[PDB]
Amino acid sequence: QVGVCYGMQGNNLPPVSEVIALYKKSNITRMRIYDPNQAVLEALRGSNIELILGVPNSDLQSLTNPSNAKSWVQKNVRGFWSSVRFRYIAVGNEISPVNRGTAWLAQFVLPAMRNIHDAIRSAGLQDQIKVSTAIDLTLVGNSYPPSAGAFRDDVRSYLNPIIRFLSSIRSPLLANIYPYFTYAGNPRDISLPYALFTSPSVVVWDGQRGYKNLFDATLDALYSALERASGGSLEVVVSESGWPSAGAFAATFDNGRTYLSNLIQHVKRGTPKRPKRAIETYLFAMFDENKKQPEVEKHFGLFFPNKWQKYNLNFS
């Protein structure tokens, strides 16, 4: 089942309780939150909803201290484990050692992960609850063609030991992935059917491998980079994907509806490189978030804040 990211940065959003109800109502059994909001945590009790619990980047620093991490796990994890199906903890989101926004935090990620996981195992929850981190693909320097997929040379010192850690505790890697921005930046080279999963024939040829949609190509591009960095056994959970209804080039209702509907359907299966396993995927995001900037980041909602659906999707 597809999951949905619950961002709460709007001035017009439903009460937490109604949002959970709406999740249950729409039969959405998977959620991603970006911080451990207690009301949300208390609201998920007995929901049977598998949860991605996020560590906010501002606390990464704090958690490089083992004791801060311990108390972090006690308050937010052990206090709820009876009734909340914590699935993954996403320690940091879109951290890069070379992106201006997050560079000074990179040092913190792996230690945080060890302390939380260390904290996690002491409570004996390590086979249910996988410690990981959620990346963006700014870290991937090459993805064309997909077989050539490789991480940026200047991010290898950062990613390498993180991969190693993940391999050893058998955790997957989490990736936020937006075919939308790939398309939006280069519609001359990227065809909309390619971006939207509606292409009858392959669009990208990779030796003997043909890519029909932008989403399949990119993940496999990620897979090739993981394989070159000693993560050939890592699973990828896709922790964000979405298409905006307004605010910029190609931000339209129809595109949104197409993209998201094929996607929900697509991930019932895999990619041209790893056909067996289903892609665990989290749709971004449940509500428009009128506080985000710029304009287009306020329209990723799948639902209006009055809780009527934007796109009329089956999540079942």
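In case it trips you up, residue 1 is the first one in the sequence shown, and so on.
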Got a sec? Mean C-alpha B-factor, which is higher, 119-127 or 136-144? 119-127
Modelled-residue ranking by C-alpha temperature factor, third containing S67: lowest
For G256, the third of its chain into which the C-alpha B factor falls: lowest
Sorting the chain's modelled residues by C-alpha B-factor, tell me whether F108 ends up in the lowest, middle or highest third. lowest
Split the chain's modelled residues into thirds by Cα B-factor; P161 lands in the lowest
Which third of the chain does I49 land in by C-alpha B-factor: lowest, middle or highest? highest
